[PDB]
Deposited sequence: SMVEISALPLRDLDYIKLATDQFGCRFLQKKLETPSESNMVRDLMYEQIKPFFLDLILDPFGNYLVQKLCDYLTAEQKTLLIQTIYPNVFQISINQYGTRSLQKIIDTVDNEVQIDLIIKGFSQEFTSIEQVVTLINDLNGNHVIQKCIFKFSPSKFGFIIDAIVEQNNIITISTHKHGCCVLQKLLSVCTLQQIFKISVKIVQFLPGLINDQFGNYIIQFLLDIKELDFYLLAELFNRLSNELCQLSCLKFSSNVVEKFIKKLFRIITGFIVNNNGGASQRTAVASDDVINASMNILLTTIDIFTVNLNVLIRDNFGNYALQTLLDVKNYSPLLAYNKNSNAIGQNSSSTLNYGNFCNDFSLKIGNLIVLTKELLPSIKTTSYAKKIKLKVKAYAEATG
């Protein structure tokens, strides 16, 4: 009110910074073209010893963020030089996370990025602390910002934290961690995906029927570059428990996605008469083996609250109609799937009670109409 009458040279910037209306006033001044540079430079010299304090402040964080839109490269580098050792403390802070996201979002150069990355390194931030950040209500937004803003060549501290011991569990089975991990996997390098997948496969039993972990397995199954090993690797680890996994709430979805993936690979090959040959040969043997397992365990699966979905997915002629040495396979498939259909039809009166009997009957009928 009378503050606006004073010359900028005489303002008490640190006091204004932590005050709501003082802070709004400074932001307006930064948005004032005639005075922007001068208020920026004057403010900067007075508030620089308090960079960390302001970043964490309920009102100061708004000033710091605004400042990011106006700071010179020199000014921003000095700011980052001041606070990089404190990135953990900042990231878990409800105000700090907003400040740091903005800072990352407006980096000028590689020097600034490397300083930030240095702060997240083990010199200043422990692996345990990085895991905490990944799962933290506030911190996970900072990790995600790094993931989308920085080159994957900088992802070292994140990869290291994930693959350490059993941290893959701690992260994949967490509400926030599961989402962060998917973001990471969508942009990181193939070799970085491999290192994480090794750990995911190693701890598969603690992931496959987890409420969040199951989404991670499914995410891997959508990465085509993993086909050459992931299919066989997953099936080798799980084949003996395939029926039980099919009958559980969360893992049943993983089974369905796995089966649909097998169908899509094999049919895509046949349409072209596209995945590599070895991916295709592997898929054929697993599908046939899967049909055998579902055939043996048909009585449990058709009756189970979750298993019936996996069964229906395997039975759906929409998934495999082109399938009705590709010559020998297509012949073996038609035989095994036809046998499963007739066994299913025989069982229909035994599940008359269930609400999904008609759906299974329709699929049986659809098979007949196609053959």
* Wait, which stretches of the deposited chain are just not there in the structure? -> 1-2, 276-284, 336-352, 400
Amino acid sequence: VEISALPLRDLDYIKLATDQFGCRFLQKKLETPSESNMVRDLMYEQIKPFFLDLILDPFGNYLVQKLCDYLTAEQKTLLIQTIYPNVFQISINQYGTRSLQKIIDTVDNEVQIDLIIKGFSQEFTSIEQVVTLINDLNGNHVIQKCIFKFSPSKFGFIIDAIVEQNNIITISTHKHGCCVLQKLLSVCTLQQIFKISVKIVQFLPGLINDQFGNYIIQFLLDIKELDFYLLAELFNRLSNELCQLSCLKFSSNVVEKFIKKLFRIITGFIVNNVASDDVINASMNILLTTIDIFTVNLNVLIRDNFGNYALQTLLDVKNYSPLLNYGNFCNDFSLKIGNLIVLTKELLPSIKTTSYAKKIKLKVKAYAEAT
From here on, numbers count along this sequence of modelled residues.
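Throughout, rigid core stands for the largest set of C-alpha atoms superposing within 1.5 Å between the two forms.
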* Asked: So which moves more in 4 other deposited structures of this protein by CA, 253-261 or 275-283, given a superposition on the core?
  -> 275-283
* Structure fact -> When the rigid core is fixed in 4 other deposited structures of this protein, C-alphas move more for 27-35 or 57-65; answer is 27-35
* In at least a third of the other compared PDB entries, does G327 have no coordinates? -> yes
* Asked: Between 258-266 and 208-216, which has the larger average Cα B-factor in the PDB entry?
  -> 258-266
* Looking only at CA atoms, which has the higher mean B factor in the entry: 137-145 or 240-248? -> 240-248
* Asked: Out of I280, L71, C188, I92, which shows the largest CA B-factor listed in the entry?
  -> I280
* Going by the deposited entry, which of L56, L311, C330, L67 has the highest CA temperature factor? -> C330
* Considering only modelled residues of the same chain, in which third does the CA B-factor of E128 rank: lowest, middle or highest? -> middle
* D227's Cα B-factor: lowest, middle or highest third of the chain? -> lowest
* According to the PDB entry, is the CA B factor of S321 in the bottom, middle or top third of its chain, that is, lowest, middle or highest? -> highest
* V198 - which third its CA temperature factor falls in, relative to the rest of the chain -> highest
* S34: which third of its chain by C-alpha temperature factor? -> highest
